Structure formats: structure tokens, C-alpha cells
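Below you'll find the structure, written out as C-alpha cells, and then a few comments.
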Amino acid sequence: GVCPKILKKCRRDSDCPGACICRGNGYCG
């Protein structure tokens, strides 16, 4: 897997695609 280079908002890791996790700014990384 891999996390895409997008700026996607999130509440938690379940909102984030591929291997992305939710970061402290409220976006996937």
C-alpha cells in the first residue's frame, strides 16, 4: 500500500485512503 499525495480532511484514520492516517491538523498523511 501507499498514502496518496492529496490534502484530504479527516476526523480519524477511517476517512483516509490507502495507507494514509489522520494527522493533528485534521488532514490525511
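By order of appearance in the C-alpha cells: chains A, B, ..., then residues from 1 within every chain, and ligands from 1 in the order shown.
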
Pick out each residue of chain A that DSSP on the backbone tags as strand (DSSP E or B); I need them as a VMD selection string.
chain A and resid 9 22 27 to 28

Applying 9 Å and only C-alpha atoms, which residues near residue 12 in chain A remain after dropping the ones on its own chain fewer than 4 positions away? List them as a ChimeraX atom specification.
/A:16,21-23,26-28

Could those residues be written to a file, using N, CA, C and O atoms, as a PDB file, in the first residue's frame?
```pdb
ATOM      1  N   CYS A  16      -9.365   8.304   5.698  1.00  0.00           N
ATOM      2  CA  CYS A  16      -8.144   8.424   4.892  1.00  0.00           C
ATOM      3  C   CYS A  16      -7.896   7.203   3.973  1.00  0.00           C
ATOM      4  O   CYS A  16      -8.069   6.061   4.414  1.00  0.00           O
ATOM      5  N   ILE A  21      -3.080   7.966   7.197  1.00  0.00           N
ATOM      6  CA  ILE A  21      -3.598   8.128   8.567  1.00  0.00           C
ATOM      7  C   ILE A  21      -3.987   9.593   8.805  1.00  0.00           C
ATOM      8  O   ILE A  21      -3.466  10.494   8.146  1.00  0.00           O
ATOM      9  N   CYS A  22      -4.894   9.857   9.742  1.00  0.00           N
ATOM     10  CA  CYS A  22      -5.326  11.219  10.070  1.00  0.00           C
ATOM     11  C   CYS A  22      -4.299  11.909  10.982  1.00  0.00           C
ATOM     12  O   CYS A  22      -3.907  11.359  12.017  1.00  0.00           O
ATOM     13  N   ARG A  23      -3.826  13.096  10.585  1.00  0.00           N
ATOM     14  CA  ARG A  23      -2.810  13.880  11.307  1.00  0.00           C
ATOM     15  C   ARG A  23      -3.449  14.976  12.179  1.00  0.00           C
ATOM     16  O   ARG A  23      -4.638  15.278  12.049  1.00  0.00           O
ATOM     17  N   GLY A  26      -5.941  17.808  11.154  1.00  0.00           N
ATOM     18  CA  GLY A  26      -7.265  17.381  10.675  1.00  0.00           C
ATOM     19  C   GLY A  26      -7.286  16.911   9.217  1.00  0.00           C
ATOM     20  O   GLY A  26      -8.355  16.893   8.611  1.00  0.00           O
ATOM     21  N   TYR A  27      -6.132  16.556   8.641  1.00  0.00           N
ATOM     22  CA  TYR A  27      -5.985  16.059   7.262  1.00  0.00           C
ATOM     23  C   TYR A  27      -5.160  14.756   7.192  1.00  0.00           C
ATOM     24  O   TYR A  27      -4.363  14.445   8.077  1.00  0.00           O
ATOM     25  N   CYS A  28      -5.366  13.975   6.131  1.00  0.00           N
ATOM     26  CA  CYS A  28      -4.712  12.687   5.868  1.00  0.00           C
ATOM     27  C   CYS A  28      -3.240  12.857   5.449  1.00  0.00           C
ATOM     28  O   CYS A  28      -2.911  13.735   4.647  1.00  0.00           O
TER      29      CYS A  28
END
```

I'd like the neighbourhood of residue 2 in chain A as a PyMOL selection string, where a residue qualifies if any of its atoms comes within 12 Å (using only C-alpha atoms), though same-chain residues fewer than 5 positions away should be ignored.
chain A and resi 16-21+29

How about saving the chosen residues, C-alpha atoms kept, as a PDB file, in the first residue's frame?
```pdb
ATOM      1  CA  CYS A  16      -8.144   8.424   4.892  1.00  0.00           C
ATOM      2  CA  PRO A  17      -7.445   6.388   1.677  1.00  0.00           C
ATOM      3  CA  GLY A  18      -4.865   3.620   1.016  1.00  0.00           C
ATOM      4  CA  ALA A  19      -2.153   3.702   3.738  1.00  0.00           C
ATOM      5  CA  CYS A  20      -2.980   7.334   4.840  1.00  0.00           C
ATOM      6  CA  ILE A  21      -3.598   8.128   8.567  1.00  0.00           C
ATOM      7  CA  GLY A  29      -0.925  11.958   5.655  1.00  0.00           C
TER       8      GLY A  29
END
```
